[PDB]
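Chemist: The structure is given below, and queries will be raised subsequently.
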Amino acid sequence: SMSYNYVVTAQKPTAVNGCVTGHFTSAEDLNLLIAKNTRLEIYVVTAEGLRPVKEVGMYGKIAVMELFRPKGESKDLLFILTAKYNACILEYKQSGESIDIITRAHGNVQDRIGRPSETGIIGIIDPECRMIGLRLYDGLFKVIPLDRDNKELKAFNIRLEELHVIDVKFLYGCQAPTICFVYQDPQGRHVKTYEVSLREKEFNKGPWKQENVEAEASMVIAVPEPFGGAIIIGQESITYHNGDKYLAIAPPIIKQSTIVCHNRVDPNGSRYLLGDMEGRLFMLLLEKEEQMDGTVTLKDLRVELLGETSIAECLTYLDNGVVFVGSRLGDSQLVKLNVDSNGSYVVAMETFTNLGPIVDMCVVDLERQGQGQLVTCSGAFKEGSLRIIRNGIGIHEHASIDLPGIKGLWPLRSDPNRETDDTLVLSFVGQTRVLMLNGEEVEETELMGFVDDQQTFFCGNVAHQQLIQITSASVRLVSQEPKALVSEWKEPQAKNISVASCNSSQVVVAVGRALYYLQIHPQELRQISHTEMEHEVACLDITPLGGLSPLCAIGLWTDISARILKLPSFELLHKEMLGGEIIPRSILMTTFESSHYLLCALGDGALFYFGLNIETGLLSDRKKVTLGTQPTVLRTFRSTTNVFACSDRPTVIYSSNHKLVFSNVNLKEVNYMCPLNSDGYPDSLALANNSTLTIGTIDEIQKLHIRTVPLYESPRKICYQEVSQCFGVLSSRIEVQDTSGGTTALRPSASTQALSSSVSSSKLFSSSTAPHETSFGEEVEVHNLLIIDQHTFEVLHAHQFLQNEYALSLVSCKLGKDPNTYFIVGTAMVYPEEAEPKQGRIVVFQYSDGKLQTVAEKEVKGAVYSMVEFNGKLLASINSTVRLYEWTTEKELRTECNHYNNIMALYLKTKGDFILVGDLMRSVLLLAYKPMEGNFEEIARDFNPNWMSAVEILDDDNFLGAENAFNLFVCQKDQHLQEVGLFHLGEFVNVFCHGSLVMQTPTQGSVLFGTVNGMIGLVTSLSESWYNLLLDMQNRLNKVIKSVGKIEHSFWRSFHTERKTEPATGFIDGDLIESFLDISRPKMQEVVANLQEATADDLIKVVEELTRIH
């Protein structure tokens, strides 16, 4: 058998890899364009911030993004080069309300042979738009002439003698196209210029040449006219060159960190923004000087500290003091630059969530309610954090009132001429209170004709401009403009009312087993019918689905039956046996997407929903879901109309492509609810708990919600320990040598602000050891194990490891017959500029009474790269060894097995008795534990080389891997492991983890993965028939979907490395499949044309079902 896999995006990439500004959408609009790997986001810069106008996806990793304006254009055009060398020129096209990104030119500029450069792909555009320059490989400069006839973006190569280019730019103010670049040779680093000639397709002698530049010169800045020239930024100095003009400064403020990005503030280059690796923001000023003749020359350079921002990957100045900080290691932000310091000139105004990099993550179900949550280790350095990702629907609360003991909510229009609710009637234990809504103000009032002494079961507006109130004693009908009691119905023998239901013109009241059908008439509650059911009535509903309902839904006590009766004869039309011994609590007739349903919920949290036929009253397609454990009450509201389910976990029911979806509301315990459409709270809801009354609006659809827990240091690994109700997190913080012969922290962080703290007292590497002294300004890493509460996410404890000890692996498990659960950490002694670590530790911690107690330690001769619990034993990877440890009764680790091989097992996963091993460069390996013989054995090995990054076991015979060239692959047994699946994902996978973020199908299994760019994906398995259908749909979709840049989807998903390239196999692009629901219905039929007896509605249900896995 083969392997068929389905990979889909759960969370799009959030890290910013690039940002440019200009007039792309129109000549009058200032735009900000953000590259997030495969996504391009287009914003309009206003005083309110950033207004989104368009977002597109590209079939490629965006490596180059530049705005430029050639002659004959009304706005700027966009040049993009992908990492697979797809080049295109794009234009923003708006036709009224339709937005199209059209391809003005496209082509692939990859060479047949060539070695990619160390500084990566560089793409520059000449200021006169004469040409596009590309540095793709060493020794070659690729030139794309910007001619009107170059529709295919044909290019030619010029031989570059300098084989190691650091950075290159096109110079301003030149009669001929001139490049300026920093290069590296055995003699150091230098800057050189060349004149590019399209006529001769060669280089000409540049205007100048500087033989020597700083050894760490890494960035070139082309200064615009009138000054021109170039600015070279290094680790220590900033220099300006322009023929015979030379300026050089060396400010000590920039020595502490490397400057990694820059941006121009003004079109003449008089001020520049600079950001370093610590998030500091600098201003580079080019000081002018007026001479005696009247000319103005460049006097000096000067930098000035502005303050602190997020660690910036790119910076973009916008309008008046507003700067966008594009970050890949933390959240992006909009910062404000003030001309007067506060000593910081920067002020953060908005933050934008970034999950990247996700270095580790785990799935937990804290409340044990059936839906898991993702807890990731995100960010790095001062941006490091934990993120909690949860599927659900958000609530925006706009009012809160402390009103305990509420037992019922009903909206009401006290005025018959208004179309807006102005009254909220509340029910309590034998009481009924009334509140009025005067705009945004709420005040308790009274309603004439209503009763405050009896608990209300229902009230609202009814026909003939009247009001109704159903209490536990009777049903009262009240006039409107002069409010007064006009009619009242009681039980013939004045017994209490058990169940109540009502619409605009009908009332159905139950008294035990007796039903009474009343009709609302002008000043008259006319009784039409009255019968007796065979069992006691539990719940009622008479919602007119097709305002005179001919049907009446009812739930019974002893039978546990949902019946549809006919008004007024009350005869039975359809009865469904629900089963069990729990009675139904709520029943509701509703309509979803023009289809009619019957909802019925019991007291145990079960929810049955059937298809309802209004003409016959026939129930069909019986299904069941679990919406909690407490009794559930159903109520409709207007978003179409949706159903709110009130229980211990609130759930909103809605529809999507004729399939019901049950989404959890991000709230705790909602006992009663009603819709509320007031002038101060339009299209809102009123929610009541055990203590407060809440008014707010609700989101339309389910999405991923993200909570952020800032750590201000780098998290590394995370594991959940249920028995302690806490997370264990390995973290690292940077410290710099001060002057007291030690290291000092640069800022407070999680490891230095915990409630309690401990330090390692191990003496394993103390005596008979030489010191590793450091120098001034040298940075060191201090590693810690954090204990994080699972509810408040506060740092309960922080244990600091030994100096120069790096925590690499973390696991939470029991071992042997020991009933305690431990945090186990694998470490390594890491010293500067050394090979593989020679010493390490395995430390067993126990969290008890808010403190971490060290239980045992085990010295190891190497780095403990990974650890996993293996059937009551500890499996550890140490350097080039896989070792199995036993937990003795004396609380010590004893070696049982030692598998000495040549692999470097950086990644370990286990299942049953097998182990999947991920090597640094030798792909994956399969080991199996022999129980009777007590050691390991190599079953099979993938023999083609793959620089692994993550590994996962899909099942007993399918093994999933990810490598450093952004590819996925699946290995299978035949011994040799055979690669039966290949797929270019376009992201760097850091962690695989089993689990799901939806409630608990055409697919099997669920594996989540987190990436460097913050993207979260999902992998699942398909059957052969489903894989063949979806593969056929891929080729049909690819013929219809227009691709930005005219990039072939199949070329994009093709497995690609430096030594190997072939199409994808065994993988379905779920993102492409899901886009089938985004095309028009006429365009839908073309896709499914002549598909095998397949209709568009057949695969709408197929694709909609596939969307439910995430």
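Labeling convention for the structure tokens: chains A, B, ... as they appear, residues from 1 per chain, ligands from 1 in order of appearance.
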If we count only C-alpha atoms, what is near residue 1067 in chain A at a cut-off of 12 Å, once residues fewer than 3 positions away on the same chain are taken out, given as number ranges by chain?
Modeler: A: 2-8, 960, 967-970, 980-985, 1019-1024, 1026-1028, 1030-1031, 1034, 1050, 1053-1055, 1063-1064, 1070-1073
Chemist: Near residue 830 in chain A, within 7 Å and counting only C-alpha atoms, which residues show up once chain neighbours fewer than 3 positions away are dropped, as a PyMOL selection string?
Modeler: chain A and resi 804-806+837
Chemist: Apply DSSP to the backbone of this structure and, from range 792-933 of chain A, keep only the residues in strand (DSSP E); write these as an NGL selection string.
Modeler: :A and (795-800 or 805-815 or 818-829 or 840-848 or 851-860 or 864-870 or 873-878 or 881-887 or 893-900 or 905-911 or 914-919 or 924-930)
Chemist: I'd like the contact shell of residue 801 in chain A - 7 Å cut-off, only C-alpha atoms, skipping same-chain residues fewer than 4 positions apart - returned as a VMD selection string.
Modeler: chain A and resid 759 to 760 783 to 784 805
Chemist: Tell me, in Å to one decimal, how far CA of residue 641 in chain A is from CA of residue 591 in chain A.
Modeler: 7.6 Å
Chemist: Just want the 6 Å neighbourhood of range 342-357 of chain A, counted on only C-alpha atoms, with same-chain residues fewer than 4 positions away dropped. Output as a ChimeraX atom specification.
Modeler: /A:14-15,306-307,330-338,378-379,1012-1014
Chemist: Using only C-alpha atoms, which protein or nucleic acid residues come within 8 Å of residue 657 in chain A? Drop anything in the same chain fewer than 6 positions from it, and give the result as an NGL selection string.
Modeler: :A and (593 or 1100-1101 or 1104)
Chemist: Identify, on the basis of only C-alpha atoms, every residue whose closest approach to residue 133 in chain A does not exceed 8 Å; exclude the query and any residue fewer than 6 positions from it along the same chain; express the result as a list in words.
Modeler: residues 123, 124, 125, 126, 141, 142, 143 and 144 of chain A
Chemist: Give me a file of those residues, with C-alpha atoms, as a tab-separated table (two decimals), in the first residue's frame.
Modeler:
```tsv
chain	number	residue	atom	x	y	z
A	123	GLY	CA	17.41	42.05	-6.09
A	124	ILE	CA	17.91	45.72	-6.95
A	125	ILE	CA	16.29	48.11	-9.42
A	126	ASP	CA	18.10	50.97	-11.12
A	141	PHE	CA	25.42	39.30	-12.01
A	142	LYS	CA	22.08	38.74	-13.75
A	143	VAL	CA	20.53	41.70	-15.57
A	144	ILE	CA	16.89	41.90	-16.67
```
Chemist: At what distance in Å, to one decimal, does CA of residue 387 in chain A lie from CA of residue 700 in chain A?
Modeler: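 CA of residue 700 in chain A sits 23.6 Å away from CA of residue 387 in chain A.
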Chemist: Would you kindly return, as a list in words, each protein, DNA or RNA residue with an atom no farther than 9 Å from any atom of residue 757 in chain A, considering only C-alpha atoms and excluding same-chain residues fewer than 2 positions away?
Modeler: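 In the requested format, the answer is residues 751, 752, 753, 754, 755, 759, 796, 797, 798, 799, 800, 851 and 852 of chain A.
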Chemist: Using only C-alpha atoms, find the one residue out of A:1074, A:648, A:446, A:1048 that sits nearest to residue 605 in chain A.
Modeler: A:648
Chemist: Ranking A:456, A:854, A:1000, A:31 by minimum distance to residue 626 in chain A and counting only C-alpha atoms, which one comes first?
Modeler: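 Of A:456, A:854, A:1000, A:31, the one nearest residue 626 in chain A is A:1000, counting only C-alpha atoms.
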Chemist: Extract the full set of helix (DSSP H, G or I) residues from range 626-859 of chain A according to DSSP on the backbone, and format it as a VMD selection string.
Modeler: chain A and resid 722 to 724 750 to 752
Chemist: Once you have the residues from the selection above, write them out as a compact mmCIF listing (two decimals), in the first residue's frame, restricted to C-alpha atoms.
Modeler:
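Generated output (out.txt):
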```
# COMPACT_ATOMS: atom_id res chain seq x y z
CA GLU A 722 -1.23 17.42 34.32
CA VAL A 723 -0.64 16.09 37.85
CA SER A 724 0.97 19.43 38.76
CA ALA A 750 10.72 35.32 33.34
CA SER A 751 13.72 33.49 34.79
CA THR A 752 14.62 36.48 37.01
```
Chemist: Give me, please, the distance in Å between CA of residue 1088 in chain A and CA of residue 1033 in chain A, quoted to one decimal.
Modeler: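 That distance, rounded to one decimal, is 7.7 Å.
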